[PDB]
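# Examination of the molecular architecture
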Amino acid sequence: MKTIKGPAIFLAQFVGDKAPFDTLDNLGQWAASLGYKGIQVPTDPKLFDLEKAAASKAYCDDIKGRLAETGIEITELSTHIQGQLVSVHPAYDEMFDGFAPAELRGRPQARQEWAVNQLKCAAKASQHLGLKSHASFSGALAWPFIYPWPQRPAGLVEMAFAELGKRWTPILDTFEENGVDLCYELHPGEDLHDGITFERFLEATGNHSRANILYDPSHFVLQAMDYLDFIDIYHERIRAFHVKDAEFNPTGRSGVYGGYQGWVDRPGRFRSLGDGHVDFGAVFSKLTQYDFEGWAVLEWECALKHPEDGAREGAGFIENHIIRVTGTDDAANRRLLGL
Amino acid sequence: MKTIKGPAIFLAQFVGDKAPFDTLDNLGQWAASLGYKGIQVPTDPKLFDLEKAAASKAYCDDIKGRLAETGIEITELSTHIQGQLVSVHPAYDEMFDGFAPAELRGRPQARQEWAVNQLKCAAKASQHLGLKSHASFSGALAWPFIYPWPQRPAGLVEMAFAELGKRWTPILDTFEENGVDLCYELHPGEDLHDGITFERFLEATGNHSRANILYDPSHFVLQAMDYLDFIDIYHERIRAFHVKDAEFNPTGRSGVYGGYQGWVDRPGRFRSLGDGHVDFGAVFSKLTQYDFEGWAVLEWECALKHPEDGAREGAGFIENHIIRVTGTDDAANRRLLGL
Amino acid sequence: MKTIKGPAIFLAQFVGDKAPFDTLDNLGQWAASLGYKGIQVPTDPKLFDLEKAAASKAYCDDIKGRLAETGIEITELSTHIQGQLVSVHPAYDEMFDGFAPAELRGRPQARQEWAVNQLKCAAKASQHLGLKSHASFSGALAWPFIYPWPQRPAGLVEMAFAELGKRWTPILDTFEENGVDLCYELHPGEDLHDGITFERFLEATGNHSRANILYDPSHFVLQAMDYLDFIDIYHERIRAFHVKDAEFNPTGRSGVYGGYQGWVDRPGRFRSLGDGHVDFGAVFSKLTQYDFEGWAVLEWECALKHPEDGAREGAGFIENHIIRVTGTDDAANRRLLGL
Amino acid sequence: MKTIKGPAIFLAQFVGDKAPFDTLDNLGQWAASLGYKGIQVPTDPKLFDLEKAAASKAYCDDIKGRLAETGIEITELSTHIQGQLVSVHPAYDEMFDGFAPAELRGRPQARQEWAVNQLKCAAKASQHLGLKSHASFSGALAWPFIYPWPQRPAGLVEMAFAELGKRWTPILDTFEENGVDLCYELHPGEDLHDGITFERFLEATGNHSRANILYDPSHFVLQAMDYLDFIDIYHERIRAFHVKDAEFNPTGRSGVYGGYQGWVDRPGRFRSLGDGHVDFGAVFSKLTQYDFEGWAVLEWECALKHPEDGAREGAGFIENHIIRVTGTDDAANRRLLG
Amino acid sequence: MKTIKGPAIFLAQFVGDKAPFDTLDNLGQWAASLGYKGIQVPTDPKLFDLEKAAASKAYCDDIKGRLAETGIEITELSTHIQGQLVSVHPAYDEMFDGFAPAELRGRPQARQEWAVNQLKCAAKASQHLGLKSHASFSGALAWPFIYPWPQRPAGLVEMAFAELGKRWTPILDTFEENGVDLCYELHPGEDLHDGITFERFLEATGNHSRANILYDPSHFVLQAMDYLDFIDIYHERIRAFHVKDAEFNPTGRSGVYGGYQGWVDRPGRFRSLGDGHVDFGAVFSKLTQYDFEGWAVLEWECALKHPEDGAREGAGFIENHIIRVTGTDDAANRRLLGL
Amino acid sequence: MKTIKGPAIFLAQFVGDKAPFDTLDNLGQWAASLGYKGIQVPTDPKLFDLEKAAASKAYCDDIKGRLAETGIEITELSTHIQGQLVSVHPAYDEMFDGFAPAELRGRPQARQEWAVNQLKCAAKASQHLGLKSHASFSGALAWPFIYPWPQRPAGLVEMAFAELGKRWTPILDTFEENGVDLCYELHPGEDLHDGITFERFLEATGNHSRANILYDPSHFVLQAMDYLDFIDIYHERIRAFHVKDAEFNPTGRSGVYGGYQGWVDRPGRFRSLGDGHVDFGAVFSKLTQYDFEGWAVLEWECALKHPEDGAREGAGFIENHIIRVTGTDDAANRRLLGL
Ligand SMILES: [Mn+2]
Ligand SMILES: [Mn+2]
Ligand SMILES: [Mn+2]
Ligand SMILES: [Mn+2]
Ligand SMILES: [Mn+2]
Ligand SMILES: [Mn+2]
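Basis of the calculations
Throughout, residue numbers begin from 1 within each chain and advance along the sequence as written. They need not agree with those in the entry, and any residue without coordinates is left out. Here chains are named by letter from A upward and ligands by number from 1 upward, in the order in which they appear as written. Values shown for side chains rest on all heavy atoms present in the structure; no hydrogens or waters enter the calculation. Distances define the donors: N, O and S atoms within 2.8 Å of the metal qualify, as do those within 3.2 Å of Na, K or Ca. Water is excluded, so some sites may look unfinished. The helix count covers DSSP runs of H or I at least four residues long, the strand count covers runs of E at least two residues long, and both are numbered beginning at the N terminus. Accessibility here uses a 1.4 Å probe with only protein chains present; expressed as a share of the type maximum, an area under 20% marks a residue as buried, one over 50% as exposed, and anything in between as partly exposed. One bridge is not enough; two strands pair if DSSP finds at least two bridges between them. As a rule, the C-alpha atoms of each element are fitted with a line to give its axis, helices using only the stretch in contact, and angles between N-to-C directions run from 0 to 180 degrees. Residues are treated as being in contact if the distance between any of their heavy atoms lies within 4.5 Å. Once two parts are put together, the accessible area they lose, assessed with a 1.4 Å probe and summed over both, is termed the buried area. Salt-bridge detection follows one rule: a side-chain nitrogen of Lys or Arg within 4 Å of a carboxyl oxygen of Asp or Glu. Whenever two N or O atoms come within 3.5 Å, that pair is a polar contact, provided that in protein one can donate a hydrogen and the other can accept it, and provided that, for residues adjacent in sequence, both atoms are side-chain atoms. All copies share one frame, set by a least-squares fit on their C-alpha atoms. Should an angle fall under 35 degrees it is called roughly parallel, over 145 degrees roughly antiparallel, and 65 to 115 degrees roughly perpendicular, with every other angle called oblique. Note on terminology: pairs of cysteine sulfur atoms within 2.5 Å are recorded as disulfides. Note on convention: the crossing is left-handed when the near helix lies turned anticlockwise from the far helix by less than a right angle, right-handed when the turn is clockwise.

### A short note on the coordination of the manganese ion (ligand 2)
Residue and element names in this part refer to chain B. Around the manganese ion (ligand 2), the donor atoms from the protein are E185 (OE), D216 (OD), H242 (ND1) and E299 (OE), and they sit 2.0 to 2.2 Å away. Going along the chain, you hit the donors of the manganese ion (ligand 2) in the pattern E-x30-D-x25-H-x56-E. Placement of the pair is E185 in strand β5 (residues 181-185) and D216 in the loop between β6 (211-215) and α9 (217-221), with a sequence separation of 31 residues. Judged by relative accessible area, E185 falls into the buried class, the value being 3%.

Okay, structure coming up:
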């Protein structure tokens, strides 16, 4: 078996405009000062330009070396934002424009083609940095029709997954030639939001060997789904791990849908590590038992706790849950049995 | 203090092409042969024309007299379809067009105005028939944004409920003029899908006394919501009752969202009476103790059982769960409490 | 979907020396009077001669015709006894001698070969009777070593299952020629006692298409195993069904092993239908949904109830749980998905 | 009430060939460096010679005195291996030979007699060392017939327990002479594997006052038995305590029997302290309230964790769960009851 | 084992002043018309005079013969009312005065001495009727001090139980002479309200062989006590059985104490058979397995249902839960064990 | 939202005769040495004289001054003893006399009015010390009648609650004039023992704005009541917080009532922090979310643990559970909703 690497931290929730949350160098020193050994880097042109990194290996060698001076390593790159723009339903076109470059706002086809190019540059930059996995979202074409009311016409869902496979298969081929695994995070508001849809997406891509899963148990808790049985079924396809807590406390007034309430008042909400319902002892045990060769990446989000306390407690929490791992005599065996 | 009336049956799920599921005349005879004493009638021009009924009391008196000869009475009228069209998000324009008259398809503003007029004529026809309650849907403007991804802009939800109240307050005033309660069914794909949103809608209408609830526990089971505490909280506003069973069996592959699966394979699905998880013994007990003065109406749906068997077993099921209900001395009281 | 056939009854627990429990005809009239429409017949020479049935088509046609006069048909044949003798560990040699003919006692190799011939004759007799399935046990070579104390030497388990496949593959080849499925009952005291061991046996037979499962949930309840999840995993290999109830009530004095206690005092014990813990509503629902084309066969056993009352109630219990089963406008679909 | 003594550790799972896991002296210093105050010693002739210890008081005082210099005390002696060999069914004769001295392998009668003598020497050696309890197994004659299929002939189970009591009664009488309690660990693969069988064995020995229980909740979890109710029923016969964690997670493929799977894949498996299902807070509370005068001895076993990490964490775990313990006016009572 | 006799019915909750609820003769016919075969008779002078029954066997012979002509038998006599008055705390003196004859109201010691004499006459009258058990209450001296606030002085509890033994031992000696078991019903408002207090009472009476228990699971449910484990511990002292249902649904507003609420609103309340939480299948199985030689007597009480429907349904409920019950070869055994 | 202040400690369980448990100065040094930042002081004459404090602000300023030199502040005052004596049923007259000054023993009416004076003087002293909250008990008139056996006569409960308000309303008006909240601790042996009784008392005082709740989850656990839903309902009236653990383990011998057993053997008993069943993570989260501006005060009690070890561990336990807290584009919103 294998000892899970960590602790690491996802910087997306901590970027800002002042120090030390403004540059990658400063975020690396901040993370290393708290006890983390790795970082998951979002590909924002301010922090990490994918186009320069995909063009010159030298650009990547500078980033890698300068982070290693502080004691930090890049675990994976993140294209959650760009992956979302690969497939967008028109009802959400304007809500997502704030995630695209300003010059592309109001131009949906140009925004989609820019996102596909970003994903392909992410494969090449990952090879330069020596990374084995990459984190992303899948986008959503059919999410407005998640509940069968009004009744979904015949062929609607099948067309959505055929189109989704047609758009991601070229990108998946690019990750093959660079030897990088593509890990989708199953998340509400995506067509890939549970295990059934991931199996359906696989068949639409010809069972591509680079289509894998980023495991985050919090989203399964928020929809009352067994996150531990998920590991038992899909362990062969799990290549990345988000450590994130959540709780679901249904009342007589609201359930999973949430009633348009804010995060503080929803029955299902995210919590700081240790303050939710996730059995992280069981999660780390199963990942250790199924030979998971990856990083335990903290993705922090809480409805109550101050952000600087959550980032500090996460490092100790992860390090306490990581587990350090440790002839045939036919004739005799024949005698022991009836043979 | 009140014995729940019943058993009754909602005819929406049983209309067909040939006898006895084609006319209101035959459906009443069919319901009476199975043991039912009342019917909930959908307002489809083939079965019940609201315009003719709101204009001529004789039309209403004629239908009532014919049904009473077989031994059946109208419990309530249904405008689920028309109530839905009062508020439609553009993403669903074509999916709902099959529910409007053919000449209104493709004309969103004309369809919405036809729906408001249908609702007002139903309030007058309900007085003509001597009915106390009326069942309907609320429509949905914000359902595509039920999950906060992408993040909801400030004021989006509050504008949706302000608009929803603006459209229903004129209709609610018409129901007040006729002395009829309007009962919304909390349902996925509606802005009113749990108790929290109903409370928000009530405030947006100024606590209008005609805004009430049609209680159907099956939809609460499908979103992992406590359907028994719901009765304890909102019993003062519950004026109608749907008897409908359902089950929720989460797996390691899917949860409440369902993964675009059909009804047979979804973790949460409807089942025939007695084959689900709803504790109907407790449901009838709570309604009986809170003095529910209405009808127990069967709304049948199952992924497995044949509809002829479901309708037959329903009548006996409801009858077994209905419950038949049954100065001051001071001087002594002062001695017992030692003054 | 398919409607489960039944109710049927397994005669093994009711055969005796006095009427109406002495002959196959008397048992057939007794079963038909109680409401059963099928019977599972153990292959006891007193009841059914495998050697005569495998040799003459007339013998089988004779039995079938007489049973059809009473209204009963043979569901499957049973070789639980003979199947057990295909693999016996020396520690149990004498305890099993009462199940073989008297002349074969004391001779383990001749007894084992007599059992192989019995299994092969059952495949021929099943074709003559027009049967599609056959029920049996697997035998046990490694059951004394079910708990790893003393520690099992390397290769012991792999050799036991290699021998089982070596002995059953010739028999399974005979069942392929006659077109009959062989259904093993997962049972304690057999090497095939749960789902993991069945998968191991399958690979030892070259993934043979005739190796299938007889599903009996009671044995899973007695060892605290999720009998409903078993159906979701193995439904493609389930071809027979035993309806049998059981309960498991652990105390501070005893658990699954039972402490050599009798059936009345064991924490886990069999109970008459309806008096145990098995959720038969869920069992029949899952079997109906996965297109099970078999019989619901009652195998009765209880620690308290009189056997005559148990036989009388089984037919009604099983009958209440059986469930009677019931273009694409691309252009529109592309507009709905904004393509 | 009594404060449970500890933390202590059972050395059986840690003996090896490299230092400090080779000799009793090295194991005692290793345990003391990790924070333990006691050790449970397996009586293997290469680790602790029972025949020499039953003959010479000086030998025991040497071992005891040397260990006290390190800061360690012997909690009890262990004859799990030898106790198993007092009663062995022929189906397991060869599988158990690896636990007997080389000269006894293949000679079932000589092996059983050597084991009976080992148990009797353990009583004297415990008296010399000033120990009150002794840990052992009972052996098994009827374990292959634990499930009634094929059906057990009449008198089979009764004969097995009659022979078991007949073999242990002489040994138990020797433990009475030395004033030492004999604590059986209820364990699968023994005839004594739960509370019902222990009560049956107690009667077959004439309710012998020296037959007691070593409480280990992990074995009860793996067979889905209520380990907390066990303490409420048998607390008066509980004289030793193993702290050991375990979990039972049934699936749709396997249950308690386990399907011949290894420990990593079994539904019910042992886990390091704190990583299982045992409510140790409740266990220590019940033992404290029932006046348990013993040691909390760690018996470590895990399917995943490295043995060096498990031994290091156990001492702190045990320390956090130990609980430190702290004329009637008749006329007035008559007035209150009027 | 023994088959539990029944169904029987306790007449205390149904006696009134109008026919057929006024005389024992009319009540016996009413019970027989509903399907009951036995009755538990309260010892109220209007229905059954103890002074006349304890003095003349002929009076007892008259009632037995008159009841046997309708098809009904007396199961046991009840002195619940009188047994309470054997021990009363002064705070409740006036509240219980309504159950004694008017001439004793005011004199506590005369009322208590009247109750002791009533109990002794019930012992002789039960022997005359051929009854082997007798139902009663124990009274309470320390019930106002059930919660240790204010703290209890030393010796208070021990004195109360010393007084109970002092008062009941003479009565228990009288039941020994007549050969009748005295069955206390563990009930709130009594000193004997659970198993711990019954054992303490047994200690204060010298382990008197006539002190036994009337088992009623509803009172254990109302205080969140394991009623099934109770049978396993005390089955050797259980001689009578009340079939009575109850439920306990704690909220965020109230618990076991109940907040002085009425029976309709209490979290713990009594319910008609089948409408509560009691697992009667488990209760009847355990009583059958421990050889209970008594009657299943219905004691009816519900917060909602009409008393006539409950009495009609009780007989069928009891009928479906009653369970109808059904050398050594040393040498061979020595070979199987290996000597 | 606001961060809960703490850790603090209630000194009532720790006062003694020798140092440091004899004087308030010594108790403050002992409490501060263990890590506590606040203290709850019982109003015992030997420690804090209400008369001198209600008359002289300087006396109060001394206690504030000298305690601040140690690092400790007075959180609130406690008049649990005096509050109990405001309403006493005669059955407890002698048991409670030990809490009044020696001259008041046997003087009931003087004991009651002495307590009213203590309560009113406590408001002044709280006004002087700058405190916002005050802890007390309510007393009990009807606690002997908590179970309706014997049946409660009409008007008994209503008169008891009418008298409670008549006695407390003058005291509550005094707390109004000083600006201090009066927090009742819902406790067994009081008329205010759950949420339902608190609502009844509130209605009897004219919804007095100064009548509030001291939240202690241990007492709800001991009567099997949902302590987390209590917070959701009454959070507006919760002004004080006791950190106290407890467990409830029902057996087959005893339940909630306890059978007059001692604390070590009762099914429901108090335990040291962390050794009970209270989910304190959820409690602190709910109090943080509902804007609780108060103190987390440890009230220690355990059946097993030594009092020193409990006081030392309590401070660290509370610290780990305290949570440190942190235009509208109508046109865009109108486009997202379609209209
Ligand atoms: Mn994530
Ligand atoms: Mn409905
Ligand atoms: Mn079977
Ligand atoms: Mn152990
Ligand atoms: Mn009763
Ligand atoms: Mn408190």
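### What about the sheet that holds strand β10 (residues 295-298) of chain C?
All names here are of chain C. Strand order in this closed barrel of eight strands is β1-β2-β3-β4-β5-β6-β7-β10, and the pairing throughout is parallel. Taken pair by pair, the neighbouring strands of this sheet meet at an average axis angle of 30°, ignoring direction. Bridging between strand β4 (residues 133-136) and strand β5 (residues 181-185) involves four bridges; their strand directions are parallel. If you follow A135 over to β5, its bridge partner there is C183. Where helix α6 (residues 156-178) meets the sheet, its contacts fall on β4, β5 and β6 (211-215), and the angle it forms with β5 comes to roughly 135°.

### Brief notes about the interface of chain A and chain B
Counting residues at the interface gives 59 residues for chain A and 59 residues for chain B. Overall, the association of chain A and chain B removes approximately 5300 Å² of surface from exposure, summing both partners, and the carbon and sulfur fraction of that is 66%. Summed over the shared surface of chain A and chain B, the number is two salt bridges. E199(B) is the salt-bridge partner of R253(A), the closest N and O atoms lying 2.7 Å from each other. Counting across the chain A and chain B interface gives 24 residue pairs in polar contact. Secondary-structure elements contributing two or more residues to the side of chain A that touches chain B are α6 (156-178), α7 (195-204) and α9 (227-234) of chain A. When residues in the side of chain A that touches chain B are grouped by element, the largest group, five residues, is from α7(A).

### Details of the coordination of the manganese ion (ligand 6)
All names here are of chain F. The manganese ion (ligand 6) binds to the protein through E185 (OE), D216 (OD), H242 (ND1) and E299 (OE); the donor distances cover 1.9 to 2.2 Å. Note on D216: relative accessible area 1%, which makes it buried. Taking the relative accessible area as the measure of exposure, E299 reaches 8% and is therefore buried.

### Comments concerning the relation of the copies chain F and chain A
For the pair chain F and chain A, the relating rotation is 120°, the translation along its axis is 0.1 Å, and the fit reaches an RMSD of 0.3 Å. Both chain copies can therefore be described as sitting about a three-fold axis.

### Re the sheet that holds β5(B)
All names here are of chain B. Ordered in space as β1-β2-β3-β4-β5-β6-β7-β10, the eight strands form a closed barrel in which the pairing is parallel. Between one strand axis and the next, the sheet turns by 35° as a mean value, whatever way the strands run. Contacts between helix α12 (residues 307-321) and the sheet are confined to β1 (5-10), β7 (238-243) and β10 (295-298), with β1 contributing the most and set at about 150° to the helix.

### A word on the interface of chain F and chain A
On the chain A side, the residues contacting the 10 residues of chain F number 14 residues. Between chain F and chain A lies a buried interface of about 1000 Å² when both sides are counted; carbon and sulfur atoms form 52% of it. Ranking the residues of chain F by area buried against chain A places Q289(F), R324(F) and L336(F) at the top, with a combined share of 48%. Applying the counting rule to chain F against chain A returns three salt bridges.

### Details of the packing of α9(A) against helix α10 (residues 280-289) of chain A
Any two packed helices are characterised by the angle at which their axes cross and by the distance between the axes. Residue and element names in this part refer to chain A. Here α9 crosses α10 at 5°, and the two axes come no closer than 10 Å. By the criterion of interaxial angle, the relationship of α9 to α10 is roughly parallel. Counting all contacts with α9, which are made through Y227, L228, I231 and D232, the residues of α10 involved are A282, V283, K286 and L287.

### Description of the environment of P144(E)
Within the secondary structure, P144(E) sits in the loop between β4 (133-136) and α6 (156-178). With relative accessibility at 3%, the residue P144(E) sits in the buried group. For the pair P144(E) and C302(E), spaced 158 residues apart in sequence, the C-alpha separation works out to 27 Å. Not counting residues within four places of it along the chain, the set of residues in contact with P144(E) comprises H89(E), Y92(E) and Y92(F).

### Details of the relation of the copies chain A and chain B
One copy of the chain maps onto the second through a rotation about an axis and a displacement along it. Superposition of chain A onto chain B requires a rotation of 180° combined with a translation of 0.0 Å along the rotation axis, giving an RMSD of 0.3 Å. Interpreted geometrically, this transformation is the action of a two-fold axis. Residue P144(A), judged by its C-alpha, is the member of chain A lying nearest the rotation axis, at 2.6 Å. The share of interface residues of chain A whose copies in chain B are also at the interface is 98%, consistent with both copies meeting through the same surface.

### Focus on the state of the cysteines
Joining two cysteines, a disulfide is a covalent bond between their sulfur atoms. As enumerated under the stated definition, the model contains zero disulfides over all chains in all. You can see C183(A) has no disulfide; the closest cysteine sulfur is in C60(A), sitting 19 Å from it. The thiol of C60(B) is not disulfide-bonded; the next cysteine sulfur, from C121(B), is found 11 Å away. Of the residues examined, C60(B) reaches a relative accessible area of 0% and is grouped as buried.

### Some remarks on the arrangement of the chains
Where chain A comes nearest to chain E, the C-alpha atoms are still 12 Å apart, and the two do not contact one another. For the non-touching pair chain C and chain F, the nearest C-alpha separation works out to 12 Å.

### Examining the environment of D265(F)
Along the chain, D265(F) turns up in the loop between β8 (245-248) and β9 (268-271). The spatial distance from the C-alpha of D265(F) to the C-alpha of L156(F) is 35 Å, given a sequence separation of 109 residues.

### Examining the packing of helix α6 (residues 108-129) of chain F against helix α7 (residues 156-178) of chain F
Residue and element names in this part refer to chain F. Their axes nearest at 8 Å, the elements α6 and α7 cross at an angle of 15°. On the basis of the axis angle, α6 is roughly parallel to α7. α7 is crossed by α6, and the crossing has right-handed handedness. Contact residues: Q112, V116, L119, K120, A123, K124 and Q127 in α6; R167, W168, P170, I171, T174, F175 and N178 in α7.

Function cannot be read off these values alone, since they describe shape.
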